[PDB]
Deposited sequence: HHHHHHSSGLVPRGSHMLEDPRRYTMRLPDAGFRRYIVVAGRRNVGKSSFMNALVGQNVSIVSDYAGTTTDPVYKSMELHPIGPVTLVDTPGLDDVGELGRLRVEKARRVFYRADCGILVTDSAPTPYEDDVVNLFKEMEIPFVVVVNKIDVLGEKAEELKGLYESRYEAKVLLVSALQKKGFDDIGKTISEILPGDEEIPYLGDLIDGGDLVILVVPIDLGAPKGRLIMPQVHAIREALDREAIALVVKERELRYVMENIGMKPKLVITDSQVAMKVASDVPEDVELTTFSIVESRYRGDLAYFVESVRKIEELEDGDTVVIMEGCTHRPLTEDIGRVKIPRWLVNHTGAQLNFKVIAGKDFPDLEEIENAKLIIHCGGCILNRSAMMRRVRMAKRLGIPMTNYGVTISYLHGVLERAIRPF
């Protein structure tokens, strides 16, 4: 509809079953598949979809990978509903889930006139993940009840990586913070800058803020030798100048913000520009934004410096929107450059970072990208 820029989770219930699987669907509730949505805690509002045409097996009863993967890349975790005991299919999915770094759990349909219980098997057969959950169409107690629990435990969780690891408190440790011209609005500072300061202090250090011109001064006078400097833009150069200490580990704001929404992959994938060939396609996922009629970074600068920095014949595809894009649109793209400011919730960035990995498409973002296209090297500061 529209909102203030909900990150709703996605879940896949897989299986060859249906009359002993769909009962699980519609029930256990608070161009072919069924995407029904509801809500559960302790986690939130969510969506449950079922193996669409993934129901058609092979003569050997095998999954149909390529067809699956293509479905399973969105998932935040999956659910397996089996009718019988383990078969090849049951293993095939689990191998993907596993394959695709994606959490999941298994279910059943406990009929009570025989007195069975197979899950002992899956307790260890197809992995463990202690994925073991008795159930039934006889919507019994363990239905849309105790499931949400563990499953919650299943999902991601608390990444929350320190805005810094090399803080160094105690007898202090200065942290220069050199900003631009202003930043707007009146009597305000951009979040990154504020977030920083708050950190230096949470790490009982001392934060010093200072404009460009005054770098000369400050640095020289101040007896205290810093332990961390931080900037943004080509402003990093003039600083590289009166460095004034290379012993000193410096960095961008842009980059520290980047560090909070998986950094590795971005460096890994950004370096990957050098092997770009004429005619290849790059995806500039610019999300929802107010675009300047001036040199828009995402649709102008970047594309440009990109050709320049490499060999032309490059094909760009800008994509706007709150949600990630449909695979159809990005499949067969060498690199994806995603805006940073767009997403702010680290957890919702991972969703997208993972998705990209699962499709094996290297993704990076404006920050890293531009830093790279200049010298994204000095911000070592994380090598662990």
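J.: Which parts of the deposited sequence lack C-alpha coordinates?
T.: Those parts of the chain that were deposited but carry no coordinates are 1-23, 29-31, 57-69.
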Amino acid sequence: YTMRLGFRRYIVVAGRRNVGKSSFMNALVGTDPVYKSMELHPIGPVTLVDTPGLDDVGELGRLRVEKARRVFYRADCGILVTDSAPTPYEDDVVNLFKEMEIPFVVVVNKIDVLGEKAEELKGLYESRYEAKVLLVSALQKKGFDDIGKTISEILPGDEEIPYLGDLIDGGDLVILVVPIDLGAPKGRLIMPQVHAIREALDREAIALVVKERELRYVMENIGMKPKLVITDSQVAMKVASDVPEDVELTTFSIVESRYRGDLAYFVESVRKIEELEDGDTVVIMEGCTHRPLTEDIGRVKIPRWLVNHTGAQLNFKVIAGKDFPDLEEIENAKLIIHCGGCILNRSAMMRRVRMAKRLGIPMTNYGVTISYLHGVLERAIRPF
From here on, numbers count along this sequence of modelled residues.
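J.: Which is higher on average in the deposited entry, the C-alpha temperature factors of 50-58 or of 313-321?
T.: Between 50-58 and 313-321, it is 50-58.
J.: Which has higher Cα B-factors on average according to the PDB entry: 75-83 or 237-245?
T.: On average, C-alpha B-factors are higher across 237-245.
J.: Hey, out of 147, 178, 285, 218, whose CA B-factor is highest in the deposited coordinates?
T.: That would be 147, according to the entry.
J.: Would you mind checking which of 270, 111, 297, 208 has the top Cα temperature factor in the PDB entry?
T.: The listed residue with the largest C-alpha B-factor is 111.
J.: Taking only the Cα B-factors deposited for this chain, tell me whether residue 44 sits in the lowest, middle or highest third.
T.: Middle third by C-alpha B-factor.
J.: Give the position of residue 36 by CA B-factor within its chain, expressed as the lowest, middle or highest third.
T.: Highest third, going by the recorded CA B-factors of the chain.
J.: Could you tell me which third, lowest, middle or highest, the C-alpha B-factor of residue 328 occupies within its chain?
T.: Within its chain, residue 328 is a middle-third residue by C-alpha B-factor, going by the deposited values.
J.: Which third, lowest, middle or highest, does the CA B-factor of residue 349 fall in along this chain?
T.: Within its chain, residue 349 is a middle-third residue by C-alpha B-factor, going by the deposited values.
J.: Lowest, middle or highest third: which one holds residue 11 when the chain's residues are ordered by CA B-factor from the entry?
T.: As the PDB entry reports it, the C-alpha B-factor of residue 11 lands in the middle third of its chain.
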